[PDB]
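Asker: Sharing a structure, written as structure tokens. Questions coming.
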Amino acid sequence: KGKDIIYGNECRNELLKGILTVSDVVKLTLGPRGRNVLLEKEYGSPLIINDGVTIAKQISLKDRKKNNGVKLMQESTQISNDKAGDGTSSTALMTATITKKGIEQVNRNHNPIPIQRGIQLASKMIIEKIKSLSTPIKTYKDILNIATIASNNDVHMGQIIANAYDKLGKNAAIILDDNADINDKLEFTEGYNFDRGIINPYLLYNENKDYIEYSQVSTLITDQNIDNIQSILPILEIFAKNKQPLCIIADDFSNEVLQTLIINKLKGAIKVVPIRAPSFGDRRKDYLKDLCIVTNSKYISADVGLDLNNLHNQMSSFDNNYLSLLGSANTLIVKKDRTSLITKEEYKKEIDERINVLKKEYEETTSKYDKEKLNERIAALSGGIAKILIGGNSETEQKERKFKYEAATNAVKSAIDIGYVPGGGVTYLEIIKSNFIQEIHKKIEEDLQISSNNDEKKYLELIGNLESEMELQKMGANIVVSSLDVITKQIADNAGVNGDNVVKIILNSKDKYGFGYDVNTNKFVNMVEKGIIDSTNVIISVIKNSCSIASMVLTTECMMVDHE
Amino acid sequence: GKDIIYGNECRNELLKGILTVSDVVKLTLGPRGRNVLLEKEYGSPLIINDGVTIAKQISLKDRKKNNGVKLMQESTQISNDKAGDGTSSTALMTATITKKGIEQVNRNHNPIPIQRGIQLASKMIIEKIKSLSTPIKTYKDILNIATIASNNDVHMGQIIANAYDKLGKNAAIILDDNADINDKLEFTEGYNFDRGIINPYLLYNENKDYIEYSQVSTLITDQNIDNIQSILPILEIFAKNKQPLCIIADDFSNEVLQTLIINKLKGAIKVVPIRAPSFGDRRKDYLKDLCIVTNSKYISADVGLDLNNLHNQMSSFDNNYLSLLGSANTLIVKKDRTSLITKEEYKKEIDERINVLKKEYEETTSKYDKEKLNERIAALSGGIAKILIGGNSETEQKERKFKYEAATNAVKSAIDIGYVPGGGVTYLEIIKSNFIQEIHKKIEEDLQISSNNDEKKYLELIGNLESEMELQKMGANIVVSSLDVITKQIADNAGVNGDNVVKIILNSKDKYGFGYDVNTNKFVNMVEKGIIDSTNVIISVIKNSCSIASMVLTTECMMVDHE
Ligand SMILES: Nc1ncnc2c1ncn2[C@@H]1O[C@H](COP(=O)(O)OP(=O)(O)OP(=O)(O)O)[C@@H](O)[C@H]1O
Ligand SMILES: Nc1ncnc2c1ncn2[C@@H]1O[C@H](COP(=O)(O)OP(=O)(O)OP(=O)(O)O)[C@@H](O)[C@H]1O
Ligand SMILES: [Mg+2]
Ligand SMILES: [Mg+2]
């Protein structure tokens with residue numbers, strides 16, 4: 001055992017070499033007309049792929065030092081974790097460009113702290129500008145276009161997402177399931193979806209699937225906060241002996257009643273999902289009642305006499321059966337913030353009847369607060385869940401398409417939340433052609449003016465040059481700005497056209513916001529008209545990740561590899 | 001086969017290892033420290049900013065140079081996972097002083113006078129820092145020391161501050177691992193006396209330096225366990241039960257101090273032998289209180305239950321040996337101040353007992369009895385703070401656990417007479433107030449009271465007097481010249497000229513506590529902006545650095561088993 005330590009410029013240069021390797025291999029696949037990359041498998045078959053994520057997940061350099069940069073970019077972009085969303089391919093290129101431009105300056109006797117400050121400020125200001133340059137999603141064609149673009153121009157899966165959003169609402173919970181066929185079929189099933197998820201993520205340290213999937217679970221819906229573990233202990237023991245999945249929907253969960261026995265034992269012999277009731281006030285009662293009618297769980301609450309702290313005294317109410325007090329559901333899917341449950345085929349009529357009653361109450365009350373509360377309740381009760389059965393020609397193609405669908409759906413969700421901006425890298429070019437660099441310059445100048453003259457003391461002038469601080473801050477800003485034409489230029493270059501000249505045309509022609517070059521038809525058109533649009537969150541995340549990684553590498557001053 | 005190396009070569013290689021540790025740790029000094037990349041063979045690289053976490057992984061392939069690294073990893077308790085606050089600064093000061101001293105020793109100089117000067121400078125500086133401390137009075141002071149000693153973590157700092165405000169000026173705090181990511185804070189009724197681990201040998205298995213047992217069975221007595229055959233049935237019963245056992249006796253005779261043997265040789269029986277809390281008759285009363293907090297049948301000859309011959313006539317005990325003991329929720333045995341979390345069942349009994357004691361407080365005039373009874377009631381009541389620490393990973397839990405332990409220990413040392421301006425200005429004060437002349441005067445007097453006392457040429461032929469004095473003051477100068485490294489390194493890591501910051505602080509106007517805040521790039525008052533450190537941390541930093549430097553200077557040989 002022995003470590004090898006390396007500091008300063010050498011460390012930054014090796015990390016930069018790894019980053020540049022990842023970018024040099026990924027930028028070739030940017031755009032729909034990206035080039036192909038051949039990967040030889042020792043299993044005996046070579047694969048020619050054009051997807052940047054698949055190629056990036058296999059890049060690894062023999063140089064243990066340079067490989068650090070590769071691993072760093074594989075983890076910062078969530079590529080190694082198999083959760084890398086859309087835009088990571090562009091993030092690699094932008095990150096490498098910004099990091100190289102910054103490191104070349106830092107290694108030349110410059111100060112990295114002011115450059116990092118300028119990079120971070122430029123990132124924040126550019127994110128605000130991109131937010132101010134976004135447009136909301138209104139028509140269905142917008143959803144179809146964003147889904148197809150975020151799906152590497154896959155019309156089939158794009159249409160699937162579009163139809164999943166049309167037959168459902170703009171808050172539809174879509175579940176991705178594996179299929180045995182070669183086509184991606186779409187189904188719909190009635191269910192309930194609220195706005196609560198997995199409170200303590202440690203519940204996933206057994207199964208590492210980022211979600212919870214339990215089939216035919218028994219529900220225990222209450223209204224109080226489960227504090228005394230000896231209050232629900234008999235039900236817990238019963239389900240621990242039968243080994244059946246259990247879901248508990250309480251209001252809160254005392255500190256010690258969720259760690260001493262729930263999380264540590266589920267990794268032993270018990271299936272429990274502790275979700276909290278979704279509420280903003282007393283409305284919790286109504287939502288819990290709806291959940292108890294959807295699954296027939298016998299609403300537990302002190303208001304209805306059934307107190308969760310003494311269920312042994314009233315043992316002659318629920319017919320002495322601790323299980324007749326519980327409910328049932330087909331499938332339970334608990335995400336980070338949106339629990340979903342598929343209603344059983346038996347209660348279908350009951351809930352339907354309840355829905356009718358609620359409708360009868362909707363046209364019988366005024367003041368707009370009861371009508372809005374009832375409207376939200378009816379919309380939640382009569383909701384649904386879209387099931388996308390994804391398939392492929394191989395076992396690995398299924399997982400690839402699964403990741404593709406996950407990234408596309410996440411992009412569509414971020415697009416229904418925040419707006420959308422024209423694709424093709426024109427959004428990055430707008431901040432360059434509209435002179436936003438002068439705005440960030442003015443911002444750094446004001447931030448330094450409120451600190452230099454304001455502090456009436458020359459104590460800060462000798463510990464550092466003021467003009468040098470301004471020059472370095474604006475230097476970092478210039479570095480972040482000058483590395484925005486790489487996306488569109490690389491996309492056009494991979495298609496076989498002069499990328500730099502395309503950028504020059506887009507920057508010199510003052511057309512509306514969104515004027516770009518379509519590589520599928522090699523023609524200069526309007527992006528928002530032909531449907532080439534991206535979600536604002538994707539672009540914002542791309543620039544934020546690139547700037548954060550660049551600043552982190554600039555701040556890094558030491559490397560340790562266990563080999564000497 | 002061994003490889004032996006002496007003198008300057010050995011010292012130079014040890015210094016190279018020490019310098020490696022310092023060069024890798026000083027980059028994280030201060031809140032604006034730089035990042036360090038550590039590659040794990042698992043496949044994931046980690047960007048860390050904590051000096052302790054990075055120092056625990058530095059290891060050189062050079063078996064000889066690696067010795068210095070290991071030396072500093074053990075002297076600062078880093079390898080033992082007991083490194084408190086200030087170790088990051090201790091590394092830098094130790095390396096600077098050690099290099100300055102070795103460079104002088106290697107030039108045919110004498111290391112003994114330099115070592116003497118270093119030790120004297122350390123003692124004098126410690127006394128000066130003690131005289132430069134201020135008492136802690138307001139709660140904001142506790143919050144500030146906790147936040148600063150916690151690597152500027154407002155959450156954990158506030159947790160410690162609230163644990164000390166909502167509790168007494170002792171705050172028995174227990175640190176436990178949690179499954180959540182939000183470090184929660186709880187309070188639980190309990191009993192805390194002034195006894196600890198009478199024999200640290202019980203820690204040769206667990207490297208946690210403390211004892212934490214959940215749902216233990218208590219056996220509280222009043223006599224001295226002299227015959228092991230008096231508790232042998234209970235030990236045999238517990239040999240079958242994999243349940244924790246705690247025995248609170250009065251003296252625990254020499255040979256009955258074998259339970260620790262069965263507990264370590266095979267962990268078959270788990271026994272914690274704590275001693276009586278008081279020195280005298282009050283121990284009986286305290287033991288009775290302990291027997292009321294836990295359902296323990298107080299053993300003593302005055303109440304008839306004698307621990308010797310429990311099979312005598314005219315007794316009640318049915319030889320059962322089991323219901324005679326008590327129970328508790330959790331038992332925490334530290335080096336001192338043992339803690340027991342009261343059970344949710346005996347609570348009312350204790351309340352009643354407390355009330356009875358109060359009835360005796362307003363019924364007696366003897367002030368000594370009212371004081372003893374008041375302390376007893378205060379001990380019965382009270383609470384214990386439980387800090388459930390968590391993280392985003394399994395290793396982050398232990399990392400935050402060590403962080404919380406170091407921060408709480410710093411606050412404990414600060415509640416005593418300890419409070420000093422942060423930012424390394426305390427090290428700069430001994431430089432700005434010409435204290436070097438004070439240490440010079442001390443060595444001059446210590447040598448004058450010895451030079452004119454012999455009145456013969458016996459000491460002048462065995463060594464130059466002026467050279468000896470010059471070397472002693474040389475060691476003192478070495479210790480003094482290495483005090484601006486803390487503030488300079490912090491300012492340098494922040495992106496500003498560190499040396500110029502030190503010159504400004506020393507060449508400032510007439511102020512005392514005036515420093516440079518790197519978080520808001522401004523020269524302000526440390527005591528005003530809450531940037532304060534515990535005097536014990538600074539004292540330990542200087543003492544450890546000087547001790548390690550002197551030890552390295554005295555070393556004259558190295559042996560590595562290789563070639
Ligand atoms: N038909 C098109 N014409 C012009 N530009 C396009 C077209 N389709 C997509 N783009 C642009 O190409 C970019 C997407 O490139 P690509 O899909 O190769 O990688 P990515 O989306 O950045 O990351 P990932 O590979 O993970 O999806 C988008 O920013 C979009 O603006
Ligand atoms: N905001 C601040 N501005 C200037 N100096 C500070 C500030 N906060 C803390 N310091 C100084 O930095 C020192 C603490 O540095 P740091 O926390 O990096 O390592 P450490 O506390 O010496 O050891 P460890 O890393 O084990 O905690 C303290 O002595 C304190 O005086
Ligand atoms: Mg794509
Ligand atoms: Mg600290």
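Ordered as shown in the structure tokens, chains take letters A, B, and onward, while each chain numbers its residues from 1 and ligands are numbered from 1 in the order shown.
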Return as a tab-separated table (two decimals) with C-alpha atoms, in the first residue's frame the residues of protein, DNA or RNA that approach ligand 1 to within 9 Å, with only C-alpha atoms and all ligand atoms taken into account.
Answerer:
chain	number	residue	atom	x	y	z
A	26	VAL	CA	-18.93	12.26	-26.84
A	27	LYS	CA	-19.08	15.43	-28.99
A	28	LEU	CA	-18.98	13.24	-32.11
A	29	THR	CA	-22.55	12.06	-31.39
A	30	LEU	CA	-24.09	15.50	-30.86
A	31	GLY	CA	-27.26	16.07	-32.87
A	32	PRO	CA	-29.43	13.63	-34.81
A	33	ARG	CA	-26.82	13.32	-37.58
A	34	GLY	CA	-24.00	12.41	-35.20
A	50	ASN	CA	-24.34	6.75	-32.09
A	51	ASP	CA	-25.70	7.45	-28.58
A	52	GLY	CA	-23.36	9.53	-26.43
A	53	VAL	CA	-24.50	8.11	-23.08
A	54	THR	CA	-23.83	4.48	-24.06
A	84	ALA	CA	-28.12	10.69	-16.63
A	85	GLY	CA	-30.97	12.73	-18.08
A	86	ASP	CA	-31.09	14.67	-21.32
A	87	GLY	CA	-28.40	17.16	-22.29
A	88	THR	CA	-25.47	15.28	-20.72
A	89	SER	CA	-23.90	14.86	-24.17
A	90	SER	CA	-23.80	18.65	-24.59
A	91	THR	CA	-22.77	19.09	-20.96
A	92	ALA	CA	-19.59	17.10	-21.60
A	148	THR	CA	-39.50	13.68	-29.95
A	149	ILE	CA	-36.51	16.03	-29.66
A	150	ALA	CA	-35.61	14.80	-26.17
A	151	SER	CA	-35.88	11.24	-27.55
A	152	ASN	CA	-33.05	11.59	-30.11
A	153	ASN	CA	-35.69	12.11	-32.83
A	404	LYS	CA	-34.15	6.85	-22.92
A	407	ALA	CA	-34.86	10.91	-19.66
A	408	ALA	CA	-37.53	11.90	-22.19
A	421	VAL	CA	-36.53	27.29	-25.55
A	422	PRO	CA	-35.55	26.74	-29.21
A	423	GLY	CA	-33.15	23.86	-29.69
A	424	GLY	CA	-30.14	23.51	-31.94
A	425	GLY	CA	-27.98	25.49	-29.54
A	426	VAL	CA	-29.56	28.79	-30.59
A	427	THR	CA	-30.40	29.53	-26.95
A	487	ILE	CA	-22.88	22.99	-28.98
A	488	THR	CA	-24.43	24.29	-32.20
A	491	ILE	CA	-23.99	19.65	-34.06
A	492	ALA	CA	-23.62	21.28	-37.48
A	516	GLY	CA	-31.39	28.14	-36.57
A	517	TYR	CA	-30.03	25.51	-38.95
A	518	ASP	CA	-31.93	22.22	-39.22
A	519	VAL	CA	-29.47	19.40	-39.91
A	520	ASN	CA	-32.18	16.85	-40.75
A	521	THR	CA	-33.10	18.91	-43.84
A	522	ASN	CA	-29.82	20.91	-43.98
A	527	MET	CA	-36.70	26.30	-34.65
A	530	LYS	CA	-40.42	23.17	-37.19
A	531	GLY	CA	-40.73	21.81	-33.63
A	532	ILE	CA	-36.99	21.74	-32.78
A	533	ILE	CA	-37.33	22.82	-29.14
A	534	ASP	CA	-35.72	21.79	-25.84
A	538	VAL	CA	-32.26	20.85	-19.72
A	539	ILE	CA	-30.30	23.86	-20.99
A	542	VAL	CA	-26.31	21.82	-18.83
Asker: Residues of chain A within 7 Å of chain B, using only C-alpha atoms, as a ChimeraX atom specification?
Answerer: /A:1-4,68,71-72,113,200,202,259,463-464,555-561,564
Asker: Just write the chosen residues, C-alpha atoms, as a PDB file, in the first residue's frame.
Answerer:
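Saved the output as again37.pdb:
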ATOM      1  CA  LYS A   1       0.000   0.000   0.000  1.00  0.00           C
ATOM      2  CA  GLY A   2       1.207   3.482  -0.916  1.00  0.00           C
ATOM      3  CA  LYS A   3      -0.217   6.763  -2.193  1.00  0.00           C
ATOM      4  CA  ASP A   4       1.058   9.014  -4.982  1.00  0.00           C
ATOM      5  CA  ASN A  68      -9.791  10.310 -12.550  1.00  0.00           C
ATOM      6  CA  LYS A  71     -14.703   9.059 -13.665  1.00  0.00           C
ATOM      7  CA  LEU A  72     -15.326  12.595 -12.379  1.00  0.00           C
ATOM      8  CA  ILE A 113     -10.402  32.231  -7.024  1.00  0.00           C
ATOM      9  CA  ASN A 200     -36.393   8.955   4.403  1.00  0.00           C
ATOM     10  CA  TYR A 202     -32.669   5.105   3.516  1.00  0.00           C
ATOM     11  CA  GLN A 259     -35.720   4.279  12.549  1.00  0.00           C
ATOM     12  CA  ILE A 463      -3.837  42.289  -0.227  1.00  0.00           C
ATOM     13  CA  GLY A 464      -4.889  42.277  -3.877  1.00  0.00           C
ATOM     14  CA  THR A 555     -10.429  24.980  -7.005  1.00  0.00           C
ATOM     15  CA  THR A 556      -8.870  21.496  -6.839  1.00  0.00           C
ATOM     16  CA  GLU A 557      -5.206  21.651  -5.803  1.00  0.00           C
ATOM     17  CA  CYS A 558      -4.298  18.034  -4.998  1.00  0.00           C
ATOM     18  CA  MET A 559      -4.709  14.468  -6.262  1.00  0.00           C
ATOM     19  CA  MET A 560      -3.967  11.156  -4.535  1.00  0.00           C
ATOM     20  CA  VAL A 561      -3.787   7.823  -6.393  1.00  0.00           C
ATOM     21  CA  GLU A 564       3.665   4.148  -6.549  1.00  0.00           C
TER      22      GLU A 564
END
Asker: Identify all residues of region 30-72 of chain B in alpha helix (DSSP H) (DSSP on the backbone) and supply them as a PyMOL selection string.
Answerer: chain B and resi 51-55+65-72
Asker: How would you write, as a PyMOL selection string, the set of residues no farther than 7 Å from ligand 2 when counting only C-alpha atoms and all ligand atoms?
Answerer: chain B and resi 28-31+33+50-52+83-90+148-152+421-424+490+516-519+531-533
Asker: Can you pull out the residues contacting region 220-229 of chain A? Cut-off 10 Å, using only C-alpha atoms, and skip same-chain residues under 2 positions away; I want them as number ranges by chain.
Answerer: A: 217-218, 231-236, 246-258, 260-262, 274-277, 284-285, 288-289, 291-292, 295-303, 306-309, 323, 325-328
Asker: Quick one: residues within 8 Å of residue 137 (chain A), only C-alpha atoms counted, chain neighbours fewer than 3 positions away excluded, as a PyMOL selection string?
Answerer: chain A and resi 142-143+415-416+419-420
Asker: Give the answer as one residue: which of A:514, A:158, A:391, A:278 has the shortest atom-to-atom distance to ligand 3, using only C-alpha atoms and all ligand atoms?
Answerer: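 Among A:514, A:158, A:391, A:278, it is A:158 that comes nearest to ligand 3.
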Asker: Taking only C-alpha atoms and all ligand atoms into account, which of A:469, A:439, A:406, A:290 comes nearest ligand 3?
Answerer: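 Of A:469, A:439, A:406, A:290, the one nearest ligand 3, counting only C-alpha atoms and all ligand atoms, is A:406.
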Asker: I want to know what sits within 12 Å of residue 477 (chain B), based on only C-alpha atoms, with residues of the same chain fewer than 3 positions away left out; could you give that as a tab-separated table (two decimals) with N, CA, C and O atoms, in the first residue's frame?
Answerer:
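Wrote it out as result-v9.tsv, contents follow:
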chain	number	residue	atom	x	y	z
B	97	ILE	N	7.74	24.23	12.48
B	97	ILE	CA	8.69	24.23	13.59
B	97	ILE	C	9.72	23.12	13.43
B	97	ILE	O	10.92	23.33	13.65
B	100	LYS	N	12.22	24.07	10.66
B	100	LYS	CA	13.11	25.14	11.12
B	100	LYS	C	14.13	24.60	12.11
B	100	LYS	O	15.30	25.02	12.10
B	101	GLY	N	13.72	23.67	12.97
B	101	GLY	CA	14.64	23.11	13.95
B	101	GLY	C	15.64	22.13	13.34
B	101	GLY	O	16.82	22.15	13.69
B	104	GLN	N	18.54	23.64	11.47
B	104	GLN	CA	19.58	24.17	12.34
B	104	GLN	C	20.39	23.05	12.98
B	104	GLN	O	21.62	23.15	13.08
B	114	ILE	N	18.19	23.53	21.62
B	114	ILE	CA	17.06	23.92	20.78
B	114	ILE	C	15.78	23.29	21.33
B	114	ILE	O	14.72	23.93	21.36
B	115	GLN	N	15.88	22.03	21.77
B	115	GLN	CA	14.73	21.35	22.35
B	115	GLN	C	14.28	22.06	23.62
B	115	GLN	O	13.07	22.23	23.85
B	116	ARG	N	15.24	22.47	24.45
B	116	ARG	CA	14.91	23.18	25.68
B	116	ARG	C	14.20	24.49	25.37
B	116	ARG	O	13.20	24.83	26.01
B	117	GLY	N	14.71	25.23	24.39
B	117	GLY	CA	14.08	26.49	24.02
B	117	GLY	C	12.67	26.28	23.49
B	117	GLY	O	11.76	27.05	23.80
B	118	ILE	N	12.48	25.22	22.70
B	118	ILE	CA	11.15	24.92	22.16
B	118	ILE	C	10.18	24.60	23.28
B	118	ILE	O	9.05	25.12	23.32
B	119	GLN	N	10.60	23.75	24.23
B	119	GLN	CA	9.73	23.39	25.34
B	119	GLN	C	9.39	24.60	26.21
B	119	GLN	O	8.23	24.79	26.60
B	120	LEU	N	10.40	25.43	26.52
B	120	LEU	CA	10.13	26.61	27.33
B	120	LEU	C	9.19	27.56	26.61
B	120	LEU	O	8.28	28.13	27.22
B	121	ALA	N	9.40	27.75	25.30
B	121	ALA	CA	8.52	28.64	24.55
B	121	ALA	C	7.10	28.10	24.56
B	121	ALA	O	6.14	28.87	24.67
B	122	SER	N	6.95	26.78	24.47
B	122	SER	CA	5.62	26.18	24.50
B	122	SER	C	4.93	26.46	25.83
B	122	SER	O	3.77	26.88	25.86
B	430	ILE	N	1.22	36.86	20.31
B	430	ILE	CA	2.51	36.67	20.97
B	430	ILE	C	3.64	37.24	20.12
B	430	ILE	O	4.74	37.46	20.64
B	431	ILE	N	3.39	37.50	18.85
B	431	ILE	CA	4.39	38.09	17.97
B	431	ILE	C	4.31	39.61	18.00
B	431	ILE	O	5.34	40.30	18.00
B	434	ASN	N	5.75	41.44	21.33
B	434	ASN	CA	7.15	41.12	21.62
B	434	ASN	C	7.35	40.14	22.79
B	434	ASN	O	8.18	40.36	23.67
B	435	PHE	N	6.58	39.04	22.79
B	435	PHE	CA	6.72	38.02	23.83
B	435	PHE	C	8.02	37.25	23.69
B	435	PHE	O	8.48	36.62	24.66
B	436	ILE	N	8.62	37.29	22.50
B	436	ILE	CA	9.89	36.61	22.26
B	436	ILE	C	10.95	37.16	23.21
B	436	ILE	O	11.82	36.42	23.69
B	437	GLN	N	10.86	38.45	23.54
B	437	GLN	CA	11.80	39.03	24.49
B	437	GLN	C	11.55	38.47	25.88
B	437	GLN	O	12.49	38.31	26.67
B	438	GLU	N	10.28	38.15	26.20
B	438	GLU	CA	9.96	37.58	27.50
B	438	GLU	C	10.58	36.19	27.64
B	438	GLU	O	11.20	35.88	28.67
B	439	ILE	N	10.42	35.35	26.62
B	439	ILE	CA	11.03	34.02	26.71
B	439	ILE	C	12.55	34.16	26.76
B	439	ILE	O	13.24	33.38	27.44
B	440	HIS	N	13.09	35.16	26.06
B	440	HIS	CA	14.53	35.39	26.09
B	440	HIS	C	14.98	35.71	27.51
B	440	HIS	O	15.96	35.15	28.00
B	470	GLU	N	22.53	31.04	23.19
B	470	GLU	CA	22.10	31.40	21.85
B	470	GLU	C	21.26	30.29	21.23
B	470	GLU	O	20.28	30.57	20.54
B	471	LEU	N	21.62	29.03	21.47
B	471	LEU	CA	20.84	27.93	20.91
B	471	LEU	C	19.48	27.81	21.60
B	471	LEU	O	18.48	27.50	20.95
B	472	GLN	N	19.43	28.07	22.91
B	472	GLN	CA	18.14	28.01	23.59
B	472	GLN	C	17.21	29.09	23.04
B	472	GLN	O	16.06	28.82	22.67
B	473	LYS	N	17.72	30.32	22.94
B	473	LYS	CA	16.89	31.37	22.36
B	473	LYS	C	16.62	31.08	20.89
B	473	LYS	O	15.62	31.55	20.37
B	474	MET	N	17.49	30.30	20.23
B	474	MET	CA	17.25	29.93	18.84
B	474	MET	C	16.01	29.06	18.75
B	474	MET	O	15.17	29.26	17.87
B	480	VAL	N	8.58	30.89	17.73
B	480	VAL	CA	7.88	32.16	17.51
B	480	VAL	C	7.67	32.43	16.02
B	480	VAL	O	6.58	32.80	15.59
B	481	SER	N	8.72	32.27	15.21
B	481	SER	CA	8.65	32.54	13.78
B	481	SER	C	7.66	31.66	13.03
B	481	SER	O	7.38	31.94	11.86
B	482	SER	N	7.13	30.61	13.65
B	482	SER	CA	6.18	29.71	13.00
B	482	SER	C	4.75	29.90	13.51
B	482	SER	O	3.97	28.94	13.54
B	483	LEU	N	4.40	31.12	13.91
B	483	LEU	CA	3.06	31.38	14.42
B	483	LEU	C	2.14	32.08	13.42
B	483	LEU	O	0.92	32.04	13.60
Asker: List the spatial neighbours of residue 10 (chain B) as a VMD selection string - criterion: any atom at most 10 Å away, only C-alpha atoms, same-chain residues fewer than 5 positions off excluded.
Answerer: chain B and resid 4 to 5 15 to 16 64 to 65 552 555 to 559
Asker: Would you output that residue set with N, CA, C and O atoms, as a compact mmCIF listing (two decimals), in the first residue's frame?
Answerer:
# COMPACT_ATOMS: atom_id res chain seq x y z
N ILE B 4 18.89 0.08 9.29
CA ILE B 4 19.14 1.09 10.31
C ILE B 4 19.73 2.33 9.66
O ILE B 4 20.58 2.23 8.76
N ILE B 5 19.27 3.50 10.10
CA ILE B 5 19.75 4.77 9.58
C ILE B 5 19.80 5.76 10.73
O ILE B 5 18.84 5.86 11.51
N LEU B 15 11.34 14.29 8.36
CA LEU B 15 10.87 15.63 8.03
C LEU B 15 10.17 15.62 6.68
O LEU B 15 9.21 16.36 6.48
N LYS B 16 10.65 14.80 5.74
CA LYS B 16 9.99 14.75 4.44
C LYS B 16 8.58 14.19 4.58
O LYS B 16 7.64 14.70 3.96
N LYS B 64 10.55 4.48 4.64
CA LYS B 64 11.25 5.35 5.57
C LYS B 64 10.54 6.69 5.72
O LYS B 64 10.28 7.14 6.84
N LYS B 65 10.21 7.34 4.60
CA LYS B 65 9.51 8.62 4.67
C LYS B 65 8.11 8.46 5.24
O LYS B 65 7.61 9.35 5.94
N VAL B 552 11.18 14.80 17.56
CA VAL B 552 11.88 14.50 16.32
C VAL B 552 13.33 14.94 16.42
O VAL B 552 14.24 14.25 15.93
N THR B 555 15.28 12.34 18.31
CA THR B 555 15.44 11.06 17.63
C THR B 555 16.75 11.02 16.86
O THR B 555 17.11 11.97 16.16
N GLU B 556 17.48 9.91 16.99
CA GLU B 556 18.77 9.74 16.32
C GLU B 556 18.89 8.39 15.62
O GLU B 556 20.01 7.99 15.26
N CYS B 557 17.79 7.67 15.40
CA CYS B 557 17.89 6.38 14.74
C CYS B 557 16.52 5.93 14.23
O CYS B 557 15.49 6.22 14.83
N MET B 558 16.55 5.20 13.12
CA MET B 558 15.36 4.65 12.47
C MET B 558 15.66 3.23 12.01
O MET B 558 16.77 2.95 11.54
N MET B 559 14.68 2.34 12.14
CA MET B 559 14.83 0.94 11.76
C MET B 559 13.60 0.49 10.98
O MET B 559 12.50 0.44 11.54
Asker: Assign secondary structure with DSSP using the backbone only, and return the residues of region 143-381 of chain B in strand (DSSP E or B) as an NGL selection string.
Answerer: :B and (173-177 or 184-188 or 190-192 or 211-214 or 217-221 or 245-248 or 271-274 or 299 or 326-327 or 330-333 or 339-341)
Asker: In Å, how far is it from CA of residue 282 (chain B) to CA of residue 194 (chain B)?
Answerer: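 Computing it gives 13.0 Å between the two atoms.
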Asker: Determine the nearest neighbour of ligand 4 from the options B:403, B:70, B:166, B:128, counting only C-alpha atoms and all ligand atoms.
Answerer: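 Distance minimum relative to ligand 4 lands on B:403.
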Asker: Could you list, as a PyMOL selection string, every residue within 12 Å of residue 110 (chain A), counting only C-alpha atoms and ignoring same-chain residues fewer than 2 positions away?
Answerer: (chain A and resi 9+102-108+112-116+468-469+471-473+475-476+554) or (chain B and resi 495)
Asker: Can you measure CA of residue 547 (chain B) to CA of residue 146 (chain B) for me? One decimal in Å is fine.
Answerer: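 We find that CA of residue 547 (chain B) and CA of residue 146 (chain B) lie 27.4 Å from each other.
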